[PDB]
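Engineer: Experimental coordinates follow, after the sequence.
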Amino acid sequence: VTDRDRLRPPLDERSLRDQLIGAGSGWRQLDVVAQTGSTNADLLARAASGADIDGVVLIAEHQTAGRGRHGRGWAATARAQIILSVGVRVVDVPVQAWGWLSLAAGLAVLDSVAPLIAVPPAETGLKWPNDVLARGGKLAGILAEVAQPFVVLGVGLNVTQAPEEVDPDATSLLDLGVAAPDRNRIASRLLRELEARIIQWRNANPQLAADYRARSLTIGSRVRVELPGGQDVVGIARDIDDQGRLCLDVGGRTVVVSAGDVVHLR
Ligand SMILES: Nc1ncnc2c1ncn2[C@@H]1C[C@H](CNS(=O)(=O)NC(=O)CCCC[C@@H]2SC[C@@H]3NC(=O)N[C@@H]32)[C@H](O)[C@@H]1O
């Protein structure tokens, strides 16, 4: 709606830099751009041209050619989301563990916005592998992409974004009852949470996996998983292994899925 535009002031880049760059913080660079095709693509391109993107933050007020998983997209309107990418050096960490970086990001996003809701409705938490859900709706999507020696982590978080503007299965903080969400405050908390989770991931801290499990909507639920290639597998999600893969119980058999789309069943 056009009235939501009144609920969408621009980000304050200088304030964000003052809060997030300096002693005690690992973020080295932060930029807010008015518009770009894809923040993930932009940081990947910087790394491809030789830039050190570790601890580099890129935030876009609007994103016109957003990327989703598996060649899919991501829709946005100006100032309605927190749209950002960060660079993470990962070569120091065993490749088998890189999948958990993606899970850690979702946890960070959830923790950054969870206290803003008055009362958390049902189906609020993390859906494997990259979904922040609230009231069954997709509140945020996360995309991790590889560019040696880095991983670029992308976050699209619906702040005031109306589902009619982007996707029927979407939701936003505003549509969850948050009357006046402050993107500046939320972005600051998000990046603070993200730094901590990245540090935990790098040092293989057991609390990362523990905190993820505590917020998982998928573990323990009957699920239909749509695998790359189109095949569906129905079972009950039981756990996440040390590679960040989803472990399914299929009639007593174990099926471990590295990638796919999860649908929570009755
Ligand atoms: N705004 C939106 N909110 C909720 N759902 C949305 C949406 N826009 C589109 N959809 C759905 C959701 C569905 C795709 N889901 S997915 O395959 O699991 N992929 C993801 O969720 C990762 C998205 C990462 C986006 C960030 S934003 C910053 C960074 N720069 C990027 O270019 N990308 C990242 C399909 O695009 C529907 O149309």
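Structural biologist: Good, I have the coordinates. Numbering: from 1, shown residues only.
Engineer: mind listing the helices for the stretch 1-150 of the chain?
Structural biologist: Using DSSP state H, counting those that start in this stretch, the helices of the stretch 1-150 of the chain run over 13-20, 39-48, 99-113.
Engineer: Equivalent analysis for the stretch 151-266 of the chain, please.
Structural biologist: Secondary structure of the stretch 151-266 of the chain (DSSP H, counting those that start in this stretch): helices at 163-166, 183-202, 206-214.
Engineer: now the angle between helix 39-48 and the strand ranked longest in the chain, please.
Structural biologist: Longest strand of the chain, by residue count under DSSP state E: strand 137-147. Orientation check (axes from the mean of the first three to the mean of the last three C-alpha atoms, to 10 degrees): strand 137-147 against helix 39-48 gives 10 degrees.
Engineer: Any buried residues in strand 137-147, and which?
Structural biologist: Buried residues in strand 137-147, counting neighbours by 16 or more other C-beta atoms under 10 Å, are found at 137-145, 147. (Each C-beta comes from the backbone N, C-alpha and C, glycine too.)
Engineer: With stretch 109-123 instead?
Structural biologist: Under 16+ other C-beta under 10 Å, the buried positions of stretch 109-123 are 109-113, 116.
Engineer: With stretch 71-87 instead?
Structural biologist: By neighbour count on 16+ other C-beta under 10 Å, the buried set for stretch 71-87 is 74-87.
Engineer: Ok, stretch 207-216 next?
Structural biologist: By neighbour count on 16+ other C-beta under 10 Å, the buried set for stretch 207-216 is 208-209, 211-212, 215-216.
Engineer: how distant is it from the center of its chain?
Structural biologist: 15 Å (C-alpha atoms, centre = their mean, to the nearest Å).
Engineer: residues touching the closest residue to residue 131 other than its chain neighbours, list them.
Structural biologist: Nearest residue to residue 131, sequence neighbours excluded (C-beta to C-beta, 6 or more residues apart in numbering): residue 138, at 5.8 Å. By C-beta atoms under 8 Å, 6 or more residues apart in numbering, the contact list for residue 138 reads 131-132, 158, 167, 169-171.
Engineer: Around the ligand, which positions in the stretch 1-150 of the chain sit nearby?
Structural biologist: For the stretch 1-150 of the chain, the residues in contact with the ligand (C-beta under 6 Å from any ligand atom) are 38-40, 66-70, 72-76, 83, 85, 130, 138, 141-143.
Engineer: any chance of the helices of the stretch 151-266 of the chain in CSV, with distance to residue 237 too?
Structural biologist: Listed next are those as CSV, based on distance: least, C-beta to C-beta, whole Å:
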stretch, distance to residue 237
helix 163-166, 26
helix 183-202, 21
helix 206-214, 11
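Engineer: okay, these, which one's buried deepest?
Structural biologist: Neighbour counts (mean count of other C-beta atoms under 10 Å) averaged over each of those peak at helix 183-202, with a mean of 20.
Engineer: Which residues outside it are in contact with it?
Structural biologist: Residues from elsewhere that reach helix 183-202, judged by C-beta under 8 Å, 6+ apart: 9, 11-12, 15-16, 19-20, 25-27, 57, 59, 79, 82, 84, 86, 88, 92-93, 97, 100-101, 104-105, 107-109, 111-113, 116, 153, 155, 157, 159, 173, 205, 207-208.
Engineer: Fine by me, thanks again.
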